[PDB]
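For reference, the chain that follows is the form deposited without ligand 1P8, supplied as structure tokens.
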């Protein structure tokens, strides 16, 4: 009974295989067959290539010894190498052309999901080329999905020597019979066979995957589209910045490139962005996923005025100052989406680009009390229930598990009756005591919000809705302005409070505005449609954020 799957890198998890480049090079240059491919394996175990694969030497030291072996090989064949034949150029292009074999990674992912221990075992080199970063990036993207990465150059052993196989088994803490082993090279596959490991010769991925599901009994081919990579909180870099004597802001940080600040809504977490964080970092961005003031590991002062937009925006500017960031692209959802529009209106020099999910930009009406405006919309009745301090806190803090289970549900799992809320006496009055688990979330993810909300509760989060007058007065100062920085508005078809039609007049104030629209998406956008959220944001970030 199998419990481990092992994959080769070249020709297995990564395609096209770098090896197959000496063959294509011979064919393109009209050189004798296997001329380059054997100058490559010149001297077998004592040759330049074996020393490279054991980590005796680096790739840069290796380039000229391979060139030498290419000279000698041409001599014997009686042929001549071009004019500006370059081993370095051949290898740079081949390493650069090699991409992840996505269906192979998906199968490894699925096996690890179904309890398997997964590992990459590869014959590789110590890359010191000026362009080594491209490969380093690929190895970082691949490795995160596996329990182990065994590189020949780092262990001083090499396939097909049998000690690397015994090394592999020892690191797996398993007998050869509990192990599937995939390799595109028959000779490297043989010692694993000889030990009794289940082996697959990988030519085409499809056939290799049919063999893999046959042997594991796990469906890997024709599988439904998987969810994007999520975040495990204990594996993240956690950041803390004091913005004022009593306020510290917590954030999760991943990737390099332009700073992208993620601003969650009510009553959320940095964790509401779990499906966006690895995707945005992978797309070449430095992700800063905030725990907004009043939430998680961020400070939660009791005062109502501490949560008015003016102070929240000012603390976000200090946050950038303290981090030494002249700018960040601000991406908000719900209350975060509202903050994000104000950051663009009051601090455009600090915002590279602005994006909102569900929350539209609507200028304040100077001829109407914000309380009158909230009363004019029946779906906004919950906002009035939130006004009186302690009331919503008592209902929301009574059973945290029930709270998040009742809130965090897709548009087809409706448990709430957002109508006549203060009259009904609360949000969960017609709601079950033990709500079923939504398909959007696991029980584990619910317990994370439960644990996060145990520190400060709902007072600070609810205080975000308790500054309607202060926010209105402050917003009225921006009524002559327009948003002329790059901006994205993403609507969710099934958000029944922040309806897509609420965003219809936005180009009157944001003429260069770009849009996104998600169908069959409720209020909890990020976890409802993670795949399309990422697709819309990455595409917008690459076109308008730089």
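Residue numbers count along the first chain shown, from 1.
There is another form of this protein, the form solved in complex with ligand 1P8, and it is not shown here; the text below is about that form.
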Next item on the list: Kindly indicate whether 342, 362 and 468 are, all three, within 4.5 angstroms of ligand 1P8 in the deposited bound form, using heavy atoms.
Entry: yes
Notebook entry, point to check: For residue 165, is any heavy atom within 4.5 Å of ligand 1P8 in the deposited bound form, or not?
Noted result: no
Note to self: Residue-level question: is residue 472 within 4.5 Å of ligand 1P8 in the deposited bound form, judged on heavy atoms?
What the structure shows: yes
Check: Quick one: does residue 373 come within 4.5 Å of ligand 1P8 in the deposited bound form, counting heavy atoms only?
Finding: yes
Item checked: ligand 1P8 contact at residue 383 in the deposited bound form, heavy atom, 4.5 Å -> yes
Notebook entry, point to check: Counting only non-hydrogen atoms, which stretch in 330-338, 165-173, 136-144, 220-228 is within 4.5 Å of ligand 1P8 in the deposited bound form?
Noted result: 330-338
Check: Using a 4.5 Å cut on heavy atoms, which of 252, 243, 309, 150 is close to ligand 1P8 in the deposited bound form?
Finding: 309
